[PDB]
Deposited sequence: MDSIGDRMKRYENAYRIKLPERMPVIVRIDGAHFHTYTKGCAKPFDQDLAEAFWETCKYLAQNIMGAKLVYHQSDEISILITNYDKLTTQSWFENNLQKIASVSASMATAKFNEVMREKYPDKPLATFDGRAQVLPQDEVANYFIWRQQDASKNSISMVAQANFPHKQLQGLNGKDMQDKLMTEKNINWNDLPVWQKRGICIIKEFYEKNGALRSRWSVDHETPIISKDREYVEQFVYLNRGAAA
């Protein structure tokens, strides 16, 4: 056949992550330094809330999503596929499919939320990447990301003053977690802890 030939060229880059391992997917904004030219400083409230709604939507549509952390213009999502013994994988851990769909989902909701408040704003695009992490390295990832949060935070505030203790999401970002009330829901945790002081906040979704 010729479909066998063409599909063969395709499969040469059909990469699959090994299963039963933590999966972290990061979605950073594409050229947001130009996109946030009209946004306010040091932090834009409307811009931050757009991510929060976007993070929920991602968590609501991604199989195995347990935790979503937001900062600056990036979104990181912890995905587990070893909850039970027969737990299925999202797209069978198809590397390209995970990175693209997540980016696509984060692109759809973010735009539709932003355009409601800003109908003249240009389209916003996102890049996505996937990776695996050993269990003992999952908490260290979000710590490393949160240390990047605070560093960027103090740099953004000091840039206004010359060339004390801001709110939570302005200091170390926030997370979107599962909440119970018996039904399940995702909600923005404004009381986000410093992960280095409360590692179990992440590890509760890692070791299970």
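Counting from residue 1 of the deposited sequence, the stretches lacking C-alpha coordinates in this chain are 1-2, 166-189, 208-212, 240-245.
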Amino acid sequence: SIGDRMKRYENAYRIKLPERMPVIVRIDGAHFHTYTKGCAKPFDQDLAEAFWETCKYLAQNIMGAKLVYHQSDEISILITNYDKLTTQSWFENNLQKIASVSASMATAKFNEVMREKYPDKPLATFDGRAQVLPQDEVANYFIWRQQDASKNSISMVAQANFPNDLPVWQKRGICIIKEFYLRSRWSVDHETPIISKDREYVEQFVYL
From here on, numbers count along this sequence of modelled residues.
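On average the C-alpha atoms of 150-158 have higher B-factors than those of the other stretch, with 49-57 and 150-158 being the two compared. For the two regions 129-137 and 81-89, the entry's Cα B-factors average higher over 81-89. When the modelled residues of the chain are ordered by their C-alpha B factor, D198 lands in the middle third. When the modelled residues of the chain are ordered by their C-alpha B factor, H70 lands in the middle third. Remark: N11 belongs to the lowest third of its chain, ranked by C-alpha B-factor as recorded. Ranked by C-alpha B-factor against the other modelled residues of its chain, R115 falls in the highest third. Per the deposited record, the Cα B-factor of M63 falls in the middle third when ranked against the other modelled residues of its chain.
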